[PDB]
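Report on one structure; see the data block that follows.
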Amino acid sequence: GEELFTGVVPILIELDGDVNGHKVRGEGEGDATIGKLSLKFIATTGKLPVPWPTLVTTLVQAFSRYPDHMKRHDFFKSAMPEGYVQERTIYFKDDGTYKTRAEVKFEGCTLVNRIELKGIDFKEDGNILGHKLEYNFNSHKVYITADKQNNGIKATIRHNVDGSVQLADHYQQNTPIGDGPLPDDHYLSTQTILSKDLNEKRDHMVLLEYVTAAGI
Amino acid sequence: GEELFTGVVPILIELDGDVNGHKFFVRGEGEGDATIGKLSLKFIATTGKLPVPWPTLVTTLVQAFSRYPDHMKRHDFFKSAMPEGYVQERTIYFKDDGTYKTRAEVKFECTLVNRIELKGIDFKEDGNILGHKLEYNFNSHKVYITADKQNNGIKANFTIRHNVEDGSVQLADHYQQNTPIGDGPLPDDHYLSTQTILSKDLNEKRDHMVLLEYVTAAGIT
């Protein structure tokens, strides 16, 4: 299923999120060849209650560069084009929690991951509901390990805040939807940049990401 | 069936044409944005030098890619039979010359394919068409559409103006008919406004035609 990831692929991302009773559409393209994502996300509903950094990780691991020596270690591509389910529970230290279910599939000459998010237990005038996070991101390593039992995968994000840091504990689970592949323990190193179209009246985020794999 | 036309769509076009016993094959590739009514296409005459100029073949060569504005969504025949598609038949009377008769099938294979035979009869040698006296250009037109309760589809009638190198104009009467292939949708009378530009890749040695097209709908106030 890596065949599908030779060259450029169109991307659809739709998130249905509910944070403390407060109820994003993204388009662009991804190059598994370069681990390069270019995406613009659109809130639609109104002024988002959470900052733009919290939602990103919740915003396509299959587009990551697994080097040629690491080919047989690509869970994400192997369930193609039938796809995966990605569930995460995300504990923000000293704050609330996201609980996320995602489906990552081809529904095209074009990919899609359609996602529900339910955020509960966030404190008002906390760092999250108060939008005290900077419009930026740090680099991270993605420690991946196999799950013979669930036939899939499992896997602390630093959000820059007034100079403090909010950590966000990520517990992730990935299950194939067809009958696909598992690889040994490995790590994904990331970079993401936030930007904005100053022509855009609505609340938005332009995203550029670079992710390559390493570890054995 | 509009789901399929959100964003960019790949296009395949194949023509099998016979004009006064002259057999030729044209293959076209590119993409279309129903969002912008935007077609970009390169056509290739696999067989040789085309017998007929390249401007006669453009209409015969995807009206589902026309932008119908938001008030006009329920007036989109072409979108509604997709992915199973339509048949597009035309008889084209070139005033003071010969006639094309064209049958086409427009479907998804998610690339949008229309496979077409053309048969031209009674064109006069050293007429404007067989003599290649047409300029390599196009005009803007209105595409007048009307429903067909009986044939469960569409008709359309229009006189395409082809510029002649001698300053004259060749008119070409288009009688068109569209029928669904599945069990799809119909709209009231409305009109499609068009623009097309011809260009060439100066690197390909075969003769060919690069196309950019802009088509939007209007008519219901």
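So you can find residues: chains in the structure tokens are A, B, ... in the order shown, residues in each start at 1, and ligands are numbered from 1 in order.
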Quick check: residues of chain A within 12 Å of chain B, only C-alpha atoms, returned as an mmCIF file with N, CA, C and O atoms, in the first residue's frame.
data_model
loop_
_atom_site.group_PDB
_atom_site.id
_atom_site.type_symbol
_atom_site.label_atom_id
_atom_site.label_comp_id
_atom_site.auth_asym_id
_atom_site.auth_seq_id
_atom_site.Cartn_x
_atom_site.Cartn_y
_atom_site.Cartn_z
ATOM 1 N N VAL A 9 -0.498 13.384 -2.662
ATOM 2 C CA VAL A 9 -1.863 12.937 -2.395
ATOM 3 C C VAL A 9 -2.694 14.053 -1.747
ATOM 4 O O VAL A 9 -2.236 14.696 -0.802
ATOM 5 N N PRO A 10 -3.917 14.289 -2.259
ATOM 6 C CA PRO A 10 -4.847 15.263 -1.668
ATOM 7 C C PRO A 10 -5.403 14.820 -0.309
ATOM 8 O O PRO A 10 -5.726 13.646 -0.119
ATOM 9 N N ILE A 11 -5.567 15.780 0.599
ATOM 10 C CA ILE A 11 -5.950 15.490 1.980
ATOM 11 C C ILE A 11 -7.227 16.197 2.439
ATOM 12 O O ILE A 11 -7.410 17.392 2.208
ATOM 13 N N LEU A 12 -8.104 15.431 3.088
ATOM 14 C CA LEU A 12 -9.281 15.965 3.772
ATOM 15 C C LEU A 12 -9.249 15.657 5.266
ATOM 16 O O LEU A 12 -8.991 14.525 5.669
ATOM 17 N N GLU A 27 -7.889 21.211 4.363
ATOM 18 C CA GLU A 27 -7.590 20.727 3.030
ATOM 19 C C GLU A 27 -6.134 21.007 2.730
ATOM 20 O O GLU A 27 -5.512 21.878 3.341
ATOM 21 N N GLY A 28 -5.593 20.237 1.797
ATOM 22 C CA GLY A 28 -4.215 20.388 1.382
ATOM 23 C C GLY A 28 -3.678 19.095 0.810
ATOM 24 O O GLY A 28 -4.440 18.280 0.285
ATOM 25 N N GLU A 29 -2.373 18.889 0.939
ATOM 26 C CA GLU A 29 -1.713 17.763 0.286
ATOM 27 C C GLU A 29 -0.563 17.225 1.132
ATOM 28 O O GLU A 29 -0.014 17.932 1.975
ATOM 29 N N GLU A 107 -10.823 7.938 0.601
ATOM 30 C CA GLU A 107 -12.177 7.913 0.159
ATOM 31 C C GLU A 107 -12.096 8.658 -1.126
ATOM 32 O O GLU A 107 -12.843 9.582 -1.369
ATOM 33 N N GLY A 108 -11.145 8.269 -1.957
ATOM 34 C CA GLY A 108 -10.868 9.052 -3.134
ATOM 35 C C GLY A 108 -9.792 8.531 -4.046
ATOM 36 O O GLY A 108 -8.836 7.897 -3.631
ATOM 37 N N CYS A 109 -9.732 9.217 -5.170
ATOM 38 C CA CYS A 109 -8.499 9.809 -5.610
ATOM 39 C C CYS A 109 -8.056 10.849 -4.534
ATOM 40 O O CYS A 109 -7.373 11.823 -4.852
ATOM 41 N N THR A 110 -8.459 10.627 -3.275
ATOM 42 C CA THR A 110 -8.216 11.517 -2.124
ATOM 43 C C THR A 110 -8.477 10.955 -0.703
ATOM 44 O O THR A 110 -9.558 10.513 -0.419
#
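Close contacts of residue 131 (chain B), defined as residues with an atom at most 10 Å away when counting only C-alpha atoms, with chain neighbours fewer than 6 positions off set aside, comprise residues 51, 52, 53, 124 and 125 of chain B.
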Please dump the current selection as a CSV table (one decimal), in the first residue's frame; keep C-alpha atoms.
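The new file part15.csv reads:
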chain,number,residue,atom,x,y,z
B,51,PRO,CA,-7.5,16.4,-41.4
B,52,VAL,CA,-9.6,19.1,-39.8
B,53,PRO,CA,-8.5,22.1,-37.9
B,124,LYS,CA,-16.1,20.2,-49.2
B,125,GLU,CA,-12.4,19.9,-50.1
Worksheet item: Out of region 7-55 of chain A, which residues get strand (DSSP E) from DSSP, as a PyMOL selection string?
Response: chain A and resi 8-19+25-31+36-42
Item to complete: Extract, using only C-alpha atoms, all DNA, RNA and protein residues at most 8 Å from residue 155 (chain B), discarding same-chain residues fewer than 2 positions from it, and format them as a PyMOL selection string.
Response: chain B and resi 145-148+153+157+175-178
Expected file: the selected residues, N, CA and C atoms, as a PDB file, in the first residue's frame:
ATOM      1  N   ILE B 145     -29.642  25.880 -22.302  1.00  0.00           N
ATOM      2  CA  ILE B 145     -30.079  24.534 -21.905  1.00  0.00           C
ATOM      3  C   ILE B 145     -31.576  24.447 -21.572  1.00  0.00           C
ATOM      4  N   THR B 146     -32.217  23.355 -21.992  1.00  0.00           N
ATOM      5  CA  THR B 146     -33.640  23.130 -21.736  1.00  0.00           C
ATOM      6  C   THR B 146     -33.890  21.659 -21.395  1.00  0.00           C
ATOM      7  N   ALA B 147     -34.873  21.413 -20.533  1.00  0.00           N
ATOM      8  CA  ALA B 147     -35.163  20.066 -20.038  1.00  0.00           C
ATOM      9  C   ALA B 147     -35.832  19.143 -21.071  1.00  0.00           C
ATOM     10  N   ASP B 148     -35.745  17.834 -20.828  1.00  0.00           N
ATOM     11  CA  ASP B 148     -36.370  16.798 -21.663  1.00  0.00           C
ATOM     12  C   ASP B 148     -37.093  15.748 -20.830  1.00  0.00           C
ATOM     13  N   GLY B 153     -33.881  13.834 -19.889  1.00  0.00           N
ATOM     14  CA  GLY B 153     -32.583  14.487 -20.007  1.00  0.00           C
ATOM     15  C   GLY B 153     -32.592  15.932 -20.491  1.00  0.00           C
ATOM     16  N   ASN B 157     -29.080  24.067 -28.182  1.00  0.00           N
ATOM     17  CA  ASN B 157     -28.951  24.516 -29.579  1.00  0.00           C
ATOM     18  C   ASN B 157     -28.054  25.745 -29.737  1.00  0.00           C
ATOM     19  N   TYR B 175     -26.878  20.882 -32.415  1.00  0.00           N
ATOM     20  CA  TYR B 175     -28.079  20.303 -31.826  1.00  0.00           C
ATOM     21  C   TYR B 175     -27.659  19.187 -30.888  1.00  0.00           C
ATOM     22  N   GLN B 176     -27.921  19.369 -29.597  1.00  0.00           N
ATOM     23  CA  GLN B 176     -27.351  18.496 -28.579  1.00  0.00           C
ATOM     24  C   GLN B 176     -28.442  17.788 -27.781  1.00  0.00           C
ATOM     25  N   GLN B 177     -28.127  16.584 -27.312  1.00  0.00           N
ATOM     26  CA  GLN B 177     -29.056  15.769 -26.535  1.00  0.00           C
ATOM     27  C   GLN B 177     -28.299  14.996 -25.460  1.00  0.00           C
ATOM     28  N   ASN B 178     -28.815  15.022 -24.236  1.00  0.00           N
ATOM     29  CA  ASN B 178     -28.141  14.368 -23.122  1.00  0.00           C
ATOM     30  C   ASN B 178     -29.055  13.421 -22.357  1.00  0.00           C
TER      31      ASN B 178
END
Excluding residue 152 (chain A) and any residue of its chain fewer than 3 positions from it, enumerate the residues within 9 Å of it, using only C-alpha atoms, and give them as a compact mmCIF listing (two decimals) with C-alpha atoms, in the first residue's frame.
# COMPACT_ATOMS: atom_id res chain seq x y z
CA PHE A 75 2.05 0.48 10.04
CA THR A 145 5.51 0.24 19.72
CA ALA A 146 3.60 -2.75 18.33
CA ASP A 147 0.37 -4.33 19.65
CA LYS A 148 0.13 -8.00 18.71
CA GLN A 149 -3.01 -8.19 20.91
CA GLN A 173 -3.94 3.55 19.81
CA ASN A 174 -4.17 2.53 16.17
CA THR A 175 -6.17 -0.36 14.72
CA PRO A 176 -6.46 -1.56 11.12
CA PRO A 181 0.20 -6.32 8.15
CA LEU A 182 3.91 -5.37 12.78
Practice prompt. Find the residues around residue 167 (chain B) up to 10 Å (only C-alpha atoms counted), leave out those fewer than 3 positions away in its own chain, and share them as a PyMOL selection string.
Written response: chain B and resi 134-135+163-164+170
Store the residues of this selection in a file with N, CA and C atoms, as a short mmCIF file (atom, residue, chain, number, x, y, z; two decimals), in the first residue's frame.
data_model
loop_
_atom_site.label_atom_id
_atom_site.label_comp_id
_atom_site.auth_asym_id
_atom_site.auth_seq_id
_atom_site.Cartn_x
_atom_site.Cartn_y
_atom_site.Cartn_z
N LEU B 134 -9.34 28.02 -40.82
CA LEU B 134 -9.71 28.51 -39.50
C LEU B 134 -8.51 28.96 -38.68
N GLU B 135 -8.67 30.08 -37.98
CA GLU B 135 -7.61 30.58 -37.11
C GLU B 135 -7.53 29.64 -35.91
N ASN B 163 -13.48 31.93 -36.05
CA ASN B 163 -12.82 32.97 -36.84
C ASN B 163 -12.05 32.40 -38.03
N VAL B 164 -12.20 33.05 -39.19
CA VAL B 164 -11.54 32.61 -40.43
C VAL B 164 -10.36 33.53 -40.74
N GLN B 170 -17.03 31.41 -39.55
CA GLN B 170 -17.75 30.18 -39.79
C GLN B 170 -18.67 29.86 -38.63
#
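The space separating CA of residue 54 (chain A) from CA of residue 31 (chain A) comes to 23.7 Å.
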Worksheet entry | Which of A:8, A:144, A:90, A:50 sits closest to residue 156 (chain A) [using only C-alpha atoms] | A:90
